[PDB]
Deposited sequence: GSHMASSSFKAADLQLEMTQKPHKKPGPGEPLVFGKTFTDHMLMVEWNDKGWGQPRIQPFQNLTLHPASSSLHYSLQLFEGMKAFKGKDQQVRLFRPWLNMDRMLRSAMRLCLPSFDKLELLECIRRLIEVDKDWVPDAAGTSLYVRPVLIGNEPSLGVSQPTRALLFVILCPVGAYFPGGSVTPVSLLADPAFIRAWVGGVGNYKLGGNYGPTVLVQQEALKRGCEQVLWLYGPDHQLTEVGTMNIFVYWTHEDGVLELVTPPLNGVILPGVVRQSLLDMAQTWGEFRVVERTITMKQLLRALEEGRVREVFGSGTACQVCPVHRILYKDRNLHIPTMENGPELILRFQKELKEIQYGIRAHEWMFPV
């Protein structure tokens, strides 16, 4: 009921590509594993190459597709580490089950990914702010037009080296368009899984945001306009709450929120410091507006594998620009999180969150 890393077939490349925008440059090899009625085949690391798909593949008709996204970091000691990969494996499997795609063993796949990165180790940059982006994918591959549980599937992993997210070597804030007409996900839906179907529909909304002079979309939900997510990031607010208490709040995992790995790590870190209240609670636009008027908001930011932490300085809501005082406040919490994550990720501090390749 799962492929084994022990059965790995390696096929090194004939012509290695020469080393050098996110998501454009890929490495020499990829992981591929086929599944069918006779279960999982043997995993193989093969050179990077195209997929060959039947024109009726359910991956293309009915979006039987899911992905992951995580980063591997090369520290000063030249050792490569993945950040909390076990959580990505957990989330990938939940995604798989939701789309009736075949179950697999999380440790086997991780080992296969480790083996794949081992093989392309030379691709992992080591300049400040850089990393290798790891993109696993599982797709249905039924050669029929019936909307049904696939009897064929493909799991593959590709790797993309990436440069520093903040070019200045310093966090820079973003502006958000907050328009309630666009809804990313619904209770009872699939917004809490990393399914390809959740992203395609946001492309037009992101264009609307730029058209309107904003950089990303603030996803609102419900008649009370709950702040759910920022672009493809989780949202956090650092403020003095109504009851006079300083807290860090992020929306709870009630179904419309993608359970981000960084998000969970920011909650864990802040809980560990024990210096202020850390809570998972709904956040409405009205709470935010009242807190801003009353000078209670210190920092608003997104969390995700792309930037780690992204400051927010403006929200366009109801044709009205709300200034958010994040950068004015340091941004102290943001910088503290970035420094601890950086120290853990590049091996400056030992930590069980890191998985060595």
What are the unmodelled segments when the structure is compared with the full deposited sequence, in sequence order?
1-6, 27-32
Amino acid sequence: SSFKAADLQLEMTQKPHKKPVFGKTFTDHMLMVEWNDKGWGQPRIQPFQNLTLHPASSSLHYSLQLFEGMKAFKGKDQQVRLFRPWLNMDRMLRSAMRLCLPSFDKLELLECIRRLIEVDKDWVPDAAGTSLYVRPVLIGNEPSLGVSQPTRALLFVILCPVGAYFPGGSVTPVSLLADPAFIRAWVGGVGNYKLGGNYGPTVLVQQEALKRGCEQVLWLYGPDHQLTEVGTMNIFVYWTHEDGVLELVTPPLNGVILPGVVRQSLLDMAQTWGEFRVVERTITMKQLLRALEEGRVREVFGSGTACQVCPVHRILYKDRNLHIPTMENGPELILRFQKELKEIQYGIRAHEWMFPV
From here on, numbers count along this sequence of modelled residues.
Across other compared entries, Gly140 missing in at least a third
no
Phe166 coordinate gap across at least a third of other entries:
yes
Going by the entry, of stretches 348-356 and 2-10 the one with greater average Cα B-factor is 2-10
Please compare 230-238 with 101-109 and say which has the higher mean C-alpha temperature factor in the record.
101-109
Based on what the PDB entry reports, which of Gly163, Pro259, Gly140, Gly191 has the top C-alpha B-factor?
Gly163
Among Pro85, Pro252, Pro201, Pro167, which carries the highest Cα B-factor?
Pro167
Report the third (lowest, middle or highest) to which the CA temperature factor of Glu68 belongs, ranking only the modelled residues of the same chain.
lowest
Chain-wide C-alpha B factor ranking for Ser265, given as lowest, middle or highest third
lowest
Here the Cα B-factor of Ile315, set against its chain, lands in the third termed middle
Which third of the chain does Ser303 land in by C-alpha B-factor: lowest, middle or highest?
lowest
Going by the entry, which third of its chain does the Cα temperature factor of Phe276 land in?
middle
